[PDB]
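Dumped structure_15.pdb below, it's PDB, C-alpha atoms and all ligand atoms:
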ATOM      1  CA  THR R   2      -0.308  -3.604  14.706  1.00  0.00           C
ATOM      2  CA  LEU R   3      -2.425  -3.192  11.592  1.00  0.00           C
ATOM      3  CA  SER R   4      -1.015  -0.556   9.206  1.00  0.00           C
ATOM      4  CA  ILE R   5      -1.644   0.824   5.729  1.00  0.00           C
ATOM      5  CA  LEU R   6       1.262   1.190   3.301  1.00  0.00           C
ATOM      6  CA  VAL R   7       0.476   3.465   0.329  1.00  0.00           C
ATOM      7  CA  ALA R   8       1.999   5.756  -2.293  1.00  0.00           C
ATOM      8  CA  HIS R   9      -0.469   8.377  -3.514  1.00  0.00           C
ATOM      9  CA  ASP R  10      -0.112  11.614  -5.499  1.00  0.00           C
ATOM     10  CA  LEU R  11      -1.471  15.145  -4.812  1.00  0.00           C
ATOM     11  CA  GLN R  12      -4.957  14.030  -5.894  1.00  0.00           C
ATOM     12  CA  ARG R  13      -4.739  10.584  -4.209  1.00  0.00           C
ATOM     13  CA  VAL R  14      -4.067   8.667  -7.445  1.00  0.00           C
ATOM     14  CA  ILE R  15      -2.502   5.297  -6.570  1.00  0.00           C
ATOM     15  CA  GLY R  16      -2.576   3.477  -9.908  1.00  0.00           C
ATOM     16  CA  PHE R  17      -3.066   3.431 -13.662  1.00  0.00           C
ATOM     17  CA  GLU R  18      -3.798   0.320 -15.745  1.00  0.00           C
ATOM     18  CA  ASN R  19      -2.825  -2.004 -12.869  1.00  0.00           C
ATOM     19  CA  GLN R  20       0.599  -0.398 -12.398  1.00  0.00           C
ATOM     20  CA  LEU R  21       2.138   2.514 -10.463  1.00  0.00           C
ATOM     21  CA  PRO R  22       1.877   5.779 -12.498  1.00  0.00           C
ATOM     22  CA  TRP R  23       5.396   6.807 -11.359  1.00  0.00           C
ATOM     23  CA  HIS R  24       8.903   5.340 -11.324  1.00  0.00           C
ATOM     24  CA  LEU R  25      10.301   5.931  -7.830  1.00  0.00           C
ATOM     25  CA  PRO R  26      12.971   3.434  -6.629  1.00  0.00           C
ATOM     26  CA  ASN R  27      13.098   5.110  -3.181  1.00  0.00           C
ATOM     27  CA  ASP R  28       9.428   4.315  -2.522  1.00  0.00           C
ATOM     28  CA  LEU R  29      10.070   0.627  -3.185  1.00  0.00           C
ATOM     29  CA  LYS R  30      13.111   0.700  -0.848  1.00  0.00           C
ATOM     30  CA  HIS R  31      10.943   2.454   1.786  1.00  0.00           C
ATOM     31  CA  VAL R  32       8.303  -0.296   1.478  1.00  0.00           C
ATOM     32  CA  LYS R  33      10.974  -3.028   1.557  1.00  0.00           C
ATOM     33  CA  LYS R  34      12.547  -1.618   4.736  1.00  0.00           C
ATOM     34  CA  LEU R  35       9.220  -1.145   6.587  1.00  0.00           C
ATOM     35  CA  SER R  36       7.779  -4.611   5.829  1.00  0.00           C
ATOM     36  CA  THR R  37      10.868  -6.884   5.992  1.00  0.00           C
ATOM     37  CA  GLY R  38      10.107  -9.753   8.380  1.00  0.00           C
ATOM     38  CA  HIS R  39       6.446  -8.724   8.602  1.00  0.00           C
ATOM     39  CA  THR R  40       3.169  -9.440   6.773  1.00  0.00           C
ATOM     40  CA  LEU R  41       1.708  -7.914   3.618  1.00  0.00           C
ATOM     41  CA  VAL R  42      -1.991  -8.266   2.775  1.00  0.00           C
ATOM     42  CA  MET R  43      -2.966  -7.409  -0.810  1.00  0.00           C
ATOM     43  CA  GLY R  44      -5.844  -7.764  -3.287  1.00  0.00           C
ATOM     44  CA  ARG R  45      -5.666 -10.253  -6.146  1.00  0.00           C
ATOM     45  CA  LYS R  46      -5.112  -7.489  -8.735  1.00  0.00           C
ATOM     46  CA  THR R  47      -2.192  -5.965  -6.828  1.00  0.00           C
ATOM     47  CA  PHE R  48      -0.552  -9.409  -6.542  1.00  0.00           C
ATOM     48  CA  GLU R  49      -0.895 -10.099 -10.290  1.00  0.00           C
ATOM     49  CA  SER R  50       0.576  -6.612 -10.904  1.00  0.00           C
ATOM     50  CA  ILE R  51       3.676  -7.420  -8.825  1.00  0.00           C
ATOM     51  CA  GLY R  52       3.627 -10.917 -10.386  1.00  0.00           C
ATOM     52  CA  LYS R  53       5.370 -12.777  -7.534  1.00  0.00           C
ATOM     53  CA  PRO R  54       5.471 -12.726  -3.706  1.00  0.00           C
ATOM     54  CA  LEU R  55       7.952 -10.302  -2.139  1.00  0.00           C
ATOM     55  CA  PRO R  56      10.869 -12.180  -0.476  1.00  0.00           C
ATOM     56  CA  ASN R  57      11.639 -12.173   3.278  1.00  0.00           C
ATOM     57  CA  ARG R  58       8.087 -11.387   4.424  1.00  0.00           C
ATOM     58  CA  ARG R  59       4.731 -13.164   4.575  1.00  0.00           C
ATOM     59  CA  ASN R  60       2.655 -12.510   1.436  1.00  0.00           C
ATOM     60  CA  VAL R  61      -1.101 -12.827   1.966  1.00  0.00           C
ATOM     61  CA  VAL R  62      -3.504 -12.432  -0.969  1.00  0.00           C
ATOM     62  CA  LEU R  63      -7.200 -11.671  -0.508  1.00  0.00           C
ATOM     63  CA  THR R  64      -9.326 -13.154  -3.320  1.00  0.00           C
ATOM     64  CA  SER R  65     -12.683 -14.864  -3.860  1.00  0.00           C
ATOM     65  CA  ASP R  66     -10.892 -17.331  -6.178  1.00  0.00           C
ATOM     66  CA  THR R  67     -11.060 -20.734  -4.440  1.00  0.00           C
ATOM     67  CA  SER R  68      -8.642 -22.129  -7.034  1.00  0.00           C
ATOM     68  CA  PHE R  69      -5.985 -19.659  -5.825  1.00  0.00           C
ATOM     69  CA  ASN R  70      -3.065 -21.609  -4.391  1.00  0.00           C
ATOM     70  CA  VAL R  71       0.233 -19.959  -5.289  1.00  0.00           C
ATOM     71  CA  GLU R  72       3.754 -21.002  -4.204  1.00  0.00           C
ATOM     72  CA  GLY R  73       5.064 -18.698  -1.447  1.00  0.00           C
ATOM     73  CA  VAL R  74       1.677 -17.028  -1.004  1.00  0.00           C
ATOM     74  CA  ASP R  75      -0.909 -17.467   1.736  1.00  0.00           C
ATOM     75  CA  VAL R  76      -4.524 -17.045   0.674  1.00  0.00           C
ATOM     76  CA  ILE R  77      -7.465 -15.513   2.525  1.00  0.00           C
ATOM     77  CA  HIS R  78     -11.049 -15.151   1.288  1.00  0.00           C
ATOM     78  CA  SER R  79     -12.548 -12.666   3.764  1.00  0.00           C
ATOM     79  CA  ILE R  80     -11.660  -9.308   5.360  1.00  0.00           C
ATOM     80  CA  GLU R  81     -12.206 -10.967   8.767  1.00  0.00           C
ATOM     81  CA  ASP R  82      -9.250 -13.317   8.102  1.00  0.00           C
ATOM     82  CA  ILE R  83      -6.878 -10.313   8.299  1.00  0.00           C
ATOM     83  CA  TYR R  84      -7.484  -9.876  12.049  1.00  0.00           C
ATOM     84  CA  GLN R  85      -6.277 -13.453  12.688  1.00  0.00           C
ATOM     85  CA  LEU R  86      -2.847 -12.839  11.128  1.00  0.00           C
ATOM     86  CA  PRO R  87      -0.135 -12.493  13.808  1.00  0.00           C
ATOM     87  CA  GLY R  88       2.554  -9.790  14.036  1.00  0.00           C
ATOM     88  CA  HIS R  89       2.753  -6.467  12.231  1.00  0.00           C
ATOM     89  CA  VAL R  90       0.265  -6.595   9.354  1.00  0.00           C
ATOM     90  CA  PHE R  91       0.566  -4.149   6.437  1.00  0.00           C
ATOM     91  CA  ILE R  92      -2.339  -3.444   4.079  1.00  0.00           C
ATOM     92  CA  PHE R  93      -0.486  -3.335   0.768  1.00  0.00           C
ATOM     93  CA  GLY R  94      -3.294  -2.384  -1.657  1.00  0.00           C
ATOM     94  CA  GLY R  95      -4.967  -1.874  -3.907  1.00  0.00           C
ATOM     95  CA  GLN R  96      -7.882   0.577  -4.066  1.00  0.00           C
ATOM     96  CA  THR R  97     -10.457  -1.995  -2.910  1.00  0.00           C
ATOM     97  CA  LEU R  98      -8.337  -3.041   0.096  1.00  0.00           C
ATOM     98  CA  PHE R  99      -7.580   0.551   1.124  1.00  0.00           C
ATOM     99  CA  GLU R 100     -11.290   1.434   0.972  1.00  0.00           C
ATOM    100  CA  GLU R 101     -12.170  -1.629   3.061  1.00  0.00           C
ATOM    101  CA  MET R 102      -9.432  -1.026   5.671  1.00  0.00           C
ATOM    102  CA  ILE R 103      -8.842   2.751   6.110  1.00  0.00           C
ATOM    103  CA  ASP R 104     -11.376   2.895   8.990  1.00  0.00           C
ATOM    104  CA  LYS R 105      -9.809  -0.180  10.658  1.00  0.00           C
ATOM    105  CA  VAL R 106      -6.019   0.381  10.647  1.00  0.00           C
ATOM    106  CA  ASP R 107      -4.002   1.785  13.572  1.00  0.00           C
ATOM    107  CA  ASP R 108      -1.730   3.916  11.392  1.00  0.00           C
ATOM    108  CA  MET R 109      -0.644   4.661   7.816  1.00  0.00           C
ATOM    109  CA  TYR R 110       2.764   4.927   6.174  1.00  0.00           C
ATOM    110  CA  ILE R 111       2.150   7.195   3.215  1.00  0.00           C
ATOM    111  CA  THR R 112       4.503   8.214   0.466  1.00  0.00           C
ATOM    112  CA  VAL R 113       2.981  11.439  -0.864  1.00  0.00           C
ATOM    113  CA  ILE R 114       4.032  11.738  -4.514  1.00  0.00           C
ATOM    114  CA  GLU R 115       4.137  15.522  -4.918  1.00  0.00           C
ATOM    115  CA  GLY R 116       2.831  15.459  -8.495  1.00  0.00           C
ATOM    116  CA  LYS R 117      -0.337  15.076 -10.576  1.00  0.00           C
ATOM    117  CA  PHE R 118      -0.524  11.807 -12.540  1.00  0.00           C
ATOM    118  CA  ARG R 119      -3.192  10.179 -14.704  1.00  0.00           C
ATOM    119  CA  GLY R 120      -4.872   7.513 -12.561  1.00  0.00           C
ATOM    120  CA  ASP R 121      -7.774   5.077 -12.715  1.00  0.00           C
ATOM    121  CA  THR R 122      -7.554   4.060  -9.026  1.00  0.00           C
ATOM    122  CA  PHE R 123      -7.418   6.139  -5.842  1.00  0.00           C
ATOM    123  CA  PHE R 124      -6.751   6.169  -2.107  1.00  0.00           C
ATOM    124  CA  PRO R 125      -9.918   7.211  -0.213  1.00  0.00           C
ATOM    125  CA  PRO R 126     -10.111  10.787   1.172  1.00  0.00           C
ATOM    126  CA  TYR R 127      -8.859  11.290   4.739  1.00  0.00           C
ATOM    127  CA  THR R 128      -8.476  14.313   7.043  1.00  0.00           C
ATOM    128  CA  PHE R 129      -5.667  15.311   9.435  1.00  0.00           C
ATOM    129  CA  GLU R 130      -8.417  15.931  12.006  1.00  0.00           C
ATOM    130  CA  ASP R 131      -8.454  12.128  12.415  1.00  0.00           C
ATOM    131  CA  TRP R 132      -4.696  11.515  12.058  1.00  0.00           C
ATOM    132  CA  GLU R 133      -1.692  12.738  14.035  1.00  0.00           C
ATOM    133  CA  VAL R 134       1.491  13.347  12.021  1.00  0.00           C
ATOM    134  CA  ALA R 135       3.978  11.044  13.823  1.00  0.00           C
ATOM    135  CA  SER R 136       6.664  12.002  11.284  1.00  0.00           C
ATOM    136  CA  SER R 137       7.047  13.828   7.969  1.00  0.00           C
ATOM    137  CA  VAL R 138      10.252  13.295   5.991  1.00  0.00           C
ATOM    138  CA  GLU R 139      11.088  14.814   2.637  1.00  0.00           C
ATOM    139  CA  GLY R 140      12.449  12.198   0.218  1.00  0.00           C
ATOM    140  CA  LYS R 141      15.857  12.959  -1.274  1.00  0.00           C
ATOM    141  CA  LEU R 142      16.011  13.631  -5.005  1.00  0.00           C
ATOM    142  CA  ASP R 143      18.663  12.280  -7.356  1.00  0.00           C
ATOM    143  CA  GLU R 144      19.117  10.910 -10.895  1.00  0.00           C
ATOM    144  CA  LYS R 145      17.065   7.765 -10.125  1.00  0.00           C
ATOM    145  CA  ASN R 146      14.446   9.604  -8.023  1.00  0.00           C
ATOM    146  CA  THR R 147      13.278  12.762  -9.771  1.00  0.00           C
ATOM    147  CA  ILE R 148       9.750  13.249  -8.387  1.00  0.00           C
ATOM    148  CA  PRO R 149       9.477  15.130  -5.063  1.00  0.00           C
ATOM    149  CA  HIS R 150       7.981  12.901  -2.381  1.00  0.00           C
ATOM    150  CA  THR R 151       7.281  12.975   1.357  1.00  0.00           C
ATOM    151  CA  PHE R 152       7.139  10.016   3.747  1.00  0.00           C
ATOM    152  CA  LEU R 153       4.324  10.476   6.226  1.00  0.00           C
ATOM    153  CA  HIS R 154       3.600   8.341   9.243  1.00  0.00           C
ATOM    154  CA  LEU R 155       0.052   9.009  10.462  1.00  0.00           C
ATOM    155  CA  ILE R 156      -1.499   7.579  13.634  1.00  0.00           C
ATOM    156  CA  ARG R 157      -5.264   7.510  14.267  1.00  0.00           C
ATOM    157  CA  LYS R 158      -6.169  10.031  16.973  1.00  0.00           C
TER     158      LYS R 158
HETATM  159  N1  LIG P 201       0.312   3.296  -5.018  1.00  0.00           N
HETATM  160  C1  LIG P 201       0.197   2.250  -4.189  1.00  0.00           C
HETATM  161  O1  LIG P 201       0.672   2.299  -2.867  1.00  0.00           O
HETATM  162  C2  LIG P 201      -0.470   1.000  -4.671  1.00  0.00           C
HETATM  163  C3  LIG P 201      -0.348  -0.202  -3.970  1.00  0.00           C
HETATM  164  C4  LIG P 201      -0.994  -1.349  -4.441  1.00  0.00           C
HETATM  165  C5  LIG P 201      -1.758  -1.274  -5.602  1.00  0.00           C
HETATM  166  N2  LIG P 201      -1.864  -0.086  -6.285  1.00  0.00           N
HETATM  167  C6  LIG P 201      -2.679   0.038  -7.505  1.00  0.00           C
HETATM  168  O2  LIG P 201      -4.031  -0.217  -7.192  1.00  0.00           O
HETATM  169  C7  LIG P 201      -4.705  -0.711  -8.336  1.00  0.00           C
HETATM  170  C8  LIG P 201      -5.408  -2.017  -7.976  1.00  0.00           C
HETATM  171  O3  LIG P 201      -6.473  -1.758  -7.084  1.00  0.00           O
HETATM  172  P1  LIG P 201      -7.892  -2.497  -7.282  1.00  0.00           P
HETATM  173  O4  LIG P 201      -8.835  -1.994  -6.260  1.00  0.00           O
HETATM  174  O5  LIG P 201      -8.287  -2.439  -8.706  1.00  0.00           O
HETATM  175  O6  LIG P 201      -7.535  -4.023  -6.956  1.00  0.00           O
HETATM  176  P2  LIG P 201      -6.973  -4.770  -5.644  1.00  0.00           P
HETATM  177  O7  LIG P 201      -7.447  -4.096  -4.413  1.00  0.00           O
HETATM  178  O8  LIG P 201      -5.508  -4.950  -5.698  1.00  0.00           O
HETATM  179  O9  LIG P 201      -7.664  -6.202  -5.762  1.00  0.00           O
HETATM  180  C9  LIG P 201      -9.012  -6.305  -6.140  1.00  0.00           C
HETATM  181  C10 LIG P 201      -9.377  -7.743  -5.851  1.00  0.00           C
HETATM  182  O10 LIG P 201      -9.115  -8.059  -4.496  1.00  0.00           O
HETATM  183  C11 LIG P 201     -10.011  -9.071  -4.077  1.00  0.00           C
HETATM  184  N3  LIG P 201     -10.791  -8.661  -2.893  1.00  0.00           N
HETATM  185  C12 LIG P 201     -10.855  -7.407  -2.334  1.00  0.00           C
HETATM  186  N4  LIG P 201     -11.677  -7.454  -1.258  1.00  0.00           N
HETATM  187  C13 LIG P 201     -12.137  -8.724  -1.127  1.00  0.00           C
HETATM  188  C14 LIG P 201     -12.993  -9.325  -0.206  1.00  0.00           C
HETATM  189  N5  LIG P 201     -13.519  -8.602   0.778  1.00  0.00           N
HETATM  190  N6  LIG P 201     -13.287 -10.675  -0.318  1.00  0.00           N
HETATM  191  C15 LIG P 201     -12.729 -11.426  -1.340  1.00  0.00           C
HETATM  192  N7  LIG P 201     -11.877 -10.820  -2.249  1.00  0.00           N
HETATM  193  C16 LIG P 201     -11.585  -9.495  -2.143  1.00  0.00           C
HETATM  194  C17 LIG P 201     -10.905  -9.359  -5.271  1.00  0.00           C
HETATM  195  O11 LIG P 201     -10.253 -10.373  -5.995  1.00  0.00           O
HETATM  196  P3  LIG P 201     -11.044 -11.440  -6.886  1.00  0.00           P
HETATM  197  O12 LIG P 201     -11.736 -10.730  -8.025  1.00  0.00           O
HETATM  198  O13 LIG P 201     -10.024 -12.424  -7.415  1.00  0.00           O
HETATM  199  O14 LIG P 201     -12.049 -12.137  -5.998  1.00  0.00           O
HETATM  200  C18 LIG P 201     -10.844  -8.058  -6.039  1.00  0.00           C
HETATM  201  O15 LIG P 201     -11.187  -8.171  -7.403  1.00  0.00           O
HETATM  202  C19 LIG P 201      -3.640  -0.913  -9.405  1.00  0.00           C
HETATM  203  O16 LIG P 201      -3.650   0.193 -10.289  1.00  0.00           O
HETATM  204  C20 LIG P 201      -2.343  -0.932  -8.629  1.00  0.00           C
HETATM  205  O17 LIG P 201      -1.275  -0.471  -9.419  1.00  0.00           O
HETATM  206  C21 LIG P 201      -1.248   1.046  -5.825  1.00  0.00           C
HETATM  207  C1  LIG P 202      10.122  -4.547  -5.721  1.00  0.00           C
HETATM  208  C2  LIG P 202       8.750  -3.929  -5.567  1.00  0.00           C
HETATM  209  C3  LIG P 202       7.883  -3.912  -6.668  1.00  0.00           C
HETATM  210  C4  LIG P 202       6.609  -3.348  -6.557  1.00  0.00           C
HETATM  211  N1  LIG P 202       5.572  -3.196  -7.431  1.00  0.00           N
HETATM  212  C5  LIG P 202       4.590  -2.557  -6.751  1.00  0.00           C
HETATM  213  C6  LIG P 202       3.276  -2.259  -7.400  1.00  0.00           C
HETATM  214  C7  LIG P 202       3.040  -2.854  -8.642  1.00  0.00           C
HETATM  215  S1  LIG P 202       1.450  -2.298  -8.960  1.00  0.00           S
HETATM  216  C8  LIG P 202       1.183  -1.376  -7.510  1.00  0.00           C
HETATM  217  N2  LIG P 202       2.319  -1.503  -6.779  1.00  0.00           N
HETATM  218  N3  LIG P 202       4.942  -2.309  -5.488  1.00  0.00           N
HETATM  219  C9  LIG P 202       4.258  -1.724  -4.492  1.00  0.00           C
HETATM  220  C10 LIG P 202       3.142  -2.323  -3.898  1.00  0.00           C
HETATM  221  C11 LIG P 202       2.426  -1.777  -2.829  1.00  0.00           C
HETATM  222  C12 LIG P 202       2.846  -0.562  -2.296  1.00  0.00           C
HETATM  223  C13 LIG P 202       2.177   0.121  -1.157  1.00  0.00           C
HETATM  224  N4  LIG P 202       1.093  -0.417  -0.578  1.00  0.00           N
HETATM  225  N5  LIG P 202       2.683   1.299  -0.729  1.00  0.00           N
HETATM  226  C14 LIG P 202       3.768   1.871  -1.311  1.00  0.00           C
HETATM  227  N6  LIG P 202       4.233   3.053  -0.831  1.00  0.00           N
HETATM  228  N7  LIG P 202       4.420   1.297  -2.357  1.00  0.00           N
HETATM  229  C15 LIG P 202       4.019   0.108  -2.875  1.00  0.00           C
HETATM  230  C16 LIG P 202       4.679  -0.496  -3.941  1.00  0.00           C
HETATM  231  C17 LIG P 202       6.178  -2.766  -5.249  1.00  0.00           C
HETATM  232  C18 LIG P 202       7.042  -2.776  -4.142  1.00  0.00           C
HETATM  233  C19 LIG P 202       8.316  -3.337  -4.262  1.00  0.00           C
HETATM  234  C20 LIG P 202       9.234  -3.341  -3.064  1.00  0.00           C
END

Kindly transcribe the structure held in the file into structure tokens.
Amino acid sequence: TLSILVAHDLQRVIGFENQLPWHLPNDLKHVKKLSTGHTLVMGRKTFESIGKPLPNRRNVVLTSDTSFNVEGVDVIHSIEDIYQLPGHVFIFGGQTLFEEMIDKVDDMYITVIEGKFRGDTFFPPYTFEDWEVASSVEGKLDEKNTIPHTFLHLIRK
């Protein structure tokens, strides 16, 4: 299985100044749960944003940098390399990766951030004519999680 993992707002903002525009612990727990024991593929910028590989999963970084050789990280240099990775593969971002892979993935796990944030990077447009709603689950709000959010699982029709 090849999947997208993404958090985007009402206008498909995904990022601002190489970070998430929102603080939402529950989204990070959601991502952690879904990808534990599986594979994450991310762009170089996204990896430098996170700063270190995520534990208990395979971290794969796509970059043109031939000097890239980071402890606990596997490196790929082409989009084609993704299809040779075994198991459940999750496209982890960022904008460039999502744009390159939205037409290729089997399904998408989306956290819709039900707000309007300032962004400089975006998830590409998509229509529900192409995607079946496998599940839609309203995130629970509390002191630590104050922005309404919905977890969508979409499967390509
Ligand atoms: N909300 C979310 O779910 C989410 C998730 C992840 C990231 N983000 C956000 O997304 C933004 C980053 O997105 P971005 O598009 O600027 O950067 P990015 O996708 O994370 O990475 C861009 C880099 O990926 C490498 N790359 C991509 N395609 C390649 C290819 N086909 N061959 C070789 N290298 C390739 C290149 O690295 P080199 O220049 O080193 O060659 C490129 O500069 C940030 O704001 C971040 O916070 C949001
Ligand atoms: C502990 C932790 C820290 C994180 N920092 C970030 C981050 C920094 S800049 C852009 N994202 N994330 C990330 C990285 C990728 C995704 C994704 N594809 N989808 C979703 N929904 N959330 C993410 C959170 C993170 C995810 C986790 C689990």

I'd like the neighbourhood of residue 37 of chain R as a count of residues only, where a residue qualifies if any of its atoms comes within 10 Å (using only C-alpha atoms), though same-chain residues fewer than 5 positions away should be ignored.
6

List as number ranges by chain the protein and nucleic acid residues lying within 6 Å of ligand LIG 202 (chain P), with only C-alpha atoms and all ligand atoms counted.
R: 6-8, 19-21, 28-29, 32-33, 47, 50-51, 93-94, 112

Please return as a PyMOL selection string the residues found within 8 Å of ligand LIG 201 (chain P), counting all atoms listed in the file.
chain R and resi 6-9+14-22+43-48+50+62-66+77-80+93-99+101+111-112+120-123

Please write as a list in words the full residue list that the PyMOL selection byres (((chain R and resi 157) around 8) and not hetatm) yields on this file.
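Those residues are residues 107, 108, 131, 132, 133, 155, 156 and 158 of chain R.
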
Given the file above and the PyMOL selection byres (((chain R and resi 24) around 9) and not hetatm), which residues are selected, and can you give them as a VMD selection string?
chain R and resid 21 to 23 25 to 26 28 145 to 148

Using all atoms of segment 131-142 of chain R that appear in the file, construct an axis-aligned enclosing box with 4 Å of padding on every side and provide its centre coordinates and edge lengths in Å, rounded to one decimal, as lines of an AutoDock Vina configuration file.
center_x = 3.8
center_y = 12.9
center_z = 4.5
size_x = 32.5
size_y = 11.8
size_z = 27.0

Give me the residues within 10 Å of residue 89 of chain R as number ranges by chain, counting all atoms listed in the file and dropping any in the same chain fewer than 4 places off.
R: 2-4, 36, 38-41

Atoms are missing here; could segment 85-106 of chain R be completed with N, CA and C atoms and written as a PDB file, in the frame of the given file?
ATOM      1  N   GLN R  85      -6.829 -12.222  12.112  1.00  0.00           N
ATOM      2  CA  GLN R  85      -6.277 -13.453  12.688  1.00  0.00           C
ATOM      3  C   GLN R  85      -4.813 -13.686  12.300  1.00  0.00           C
ATOM      4  N   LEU R  86      -4.250 -12.767  11.519  1.00  0.00           N
ATOM      5  CA  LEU R  86      -2.847 -12.839  11.128  1.00  0.00           C
ATOM      6  C   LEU R  86      -1.971 -12.225  12.217  1.00  0.00           C
ATOM      7  N   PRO R  87      -1.001 -13.000  12.741  1.00  0.00           N
ATOM      8  CA  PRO R  87      -0.135 -12.493  13.808  1.00  0.00           C
ATOM      9  C   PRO R  87       0.884 -11.450  13.335  1.00  0.00           C
ATOM     10  N   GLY R  88       1.468 -10.731  14.293  1.00  0.00           N
ATOM     11  CA  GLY R  88       2.554  -9.790  14.036  1.00  0.00           C
ATOM     12  C   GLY R  88       2.103  -8.462  13.457  1.00  0.00           C
ATOM     13  N   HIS R  89       3.056  -7.726  12.893  1.00  0.00           N
ATOM     14  CA  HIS R  89       2.753  -6.467  12.231  1.00  0.00           C
ATOM     15  C   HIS R  89       2.212  -6.720  10.825  1.00  0.00           C
ATOM     16  N   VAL R  90       0.939  -6.388  10.632  1.00  0.00           N
ATOM     17  CA  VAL R  90       0.265  -6.595   9.354  1.00  0.00           C
ATOM     18  C   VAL R  90       0.163  -5.281   8.581  1.00  0.00           C
ATOM     19  N   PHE R  91       0.598  -5.312   7.322  1.00  0.00           N
ATOM     20  CA  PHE R  91       0.566  -4.149   6.437  1.00  0.00           C
ATOM     21  C   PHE R  91      -0.428  -4.354   5.295  1.00  0.00           C
ATOM     22  N   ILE R  92      -1.431  -3.486   5.230  1.00  0.00           N
ATOM     23  CA  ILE R  92      -2.339  -3.444   4.079  1.00  0.00           C
ATOM     24  C   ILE R  92      -1.589  -2.820   2.897  1.00  0.00           C
ATOM     25  N   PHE R  93      -1.444  -3.604   1.832  1.00  0.00           N
ATOM     26  CA  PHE R  93      -0.486  -3.335   0.768  1.00  0.00           C
ATOM     27  C   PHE R  93      -1.180  -2.844  -0.511  1.00  0.00           C
ATOM     28  N   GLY R  94      -2.509  -2.795  -0.485  1.00  0.00           N
ATOM     29  CA  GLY R  94      -3.294  -2.384  -1.657  1.00  0.00           C
ATOM     30  C   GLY R  94      -4.185  -3.486  -2.214  1.00  0.00           C
ATOM     31  N   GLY R  95      -4.948  -3.190  -3.270  1.00  0.00           N
ATOM     32  CA  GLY R  95      -4.967  -1.874  -3.907  1.00  0.00           C
ATOM     33  C   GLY R  95      -6.138  -1.031  -3.443  1.00  0.00           C
ATOM     34  N   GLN R  96      -6.777  -0.338  -4.384  1.00  0.00           N
ATOM     35  CA  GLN R  96      -7.882   0.577  -4.066  1.00  0.00           C
ATOM     36  C   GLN R  96      -8.960  -0.073  -3.193  1.00  0.00           C
ATOM     37  N   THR R  97      -9.403  -1.264  -3.603  1.00  0.00           N
ATOM     38  CA  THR R  97     -10.457  -1.995  -2.910  1.00  0.00           C
ATOM     39  C   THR R  97     -10.070  -2.288  -1.455  1.00  0.00           C
ATOM     40  N   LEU R  98      -8.846  -2.767  -1.253  1.00  0.00           N
ATOM     41  CA  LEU R  98      -8.337  -3.041   0.096  1.00  0.00           C
ATOM     42  C   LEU R  98      -8.232  -1.804   0.974  1.00  0.00           C
ATOM     43  N   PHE R  99      -7.728  -0.710   0.401  1.00  0.00           N
ATOM     44  CA  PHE R  99      -7.580   0.551   1.124  1.00  0.00           C
ATOM     45  C   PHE R  99      -8.942   1.079   1.585  1.00  0.00           C
ATOM     46  N   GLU R 100      -9.923   1.014   0.688  1.00  0.00           N
ATOM     47  CA  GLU R 100     -11.290   1.434   0.972  1.00  0.00           C
ATOM     48  C   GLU R 100     -11.909   0.599   2.089  1.00  0.00           C
ATOM     49  N   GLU R 101     -11.664  -0.711   2.049  1.00  0.00           N
ATOM     50  CA  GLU R 101     -12.170  -1.629   3.061  1.00  0.00           C
ATOM     51  C   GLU R 101     -11.479  -1.504   4.425  1.00  0.00           C
ATOM     52  N   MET R 102     -10.247  -0.994   4.448  1.00  0.00           N
ATOM     53  CA  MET R 102      -9.432  -1.026   5.671  1.00  0.00           C
ATOM     54  C   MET R 102      -9.038   0.317   6.302  1.00  0.00           C
ATOM     55  N   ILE R 103      -9.251   1.429   5.594  1.00  0.00           N
ATOM     56  CA  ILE R 103      -8.842   2.751   6.110  1.00  0.00           C
ATOM     57  C   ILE R 103      -9.459   3.102   7.477  1.00  0.00           C
ATOM     58  N   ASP R 104     -10.703   2.679   7.704  1.00  0.00           N
ATOM     59  CA  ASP R 104     -11.376   2.895   8.990  1.00  0.00           C
ATOM     60  C   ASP R 104     -10.971   1.897  10.078  1.00  0.00           C
ATOM     61  N   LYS R 105     -10.148   0.910   9.729  1.00  0.00           N
ATOM     62  CA  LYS R 105      -9.809  -0.180  10.658  1.00  0.00           C
ATOM     63  C   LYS R 105      -8.357  -0.147  11.148  1.00  0.00           C
ATOM     64  N   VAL R 106      -7.458   0.415  10.342  1.00  0.00           N
ATOM     65  CA  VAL R 106      -6.019   0.381  10.647  1.00  0.00           C
ATOM     66  C   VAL R 106      -5.630   1.326  11.787  1.00  0.00           C
TER      67      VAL R 106
END
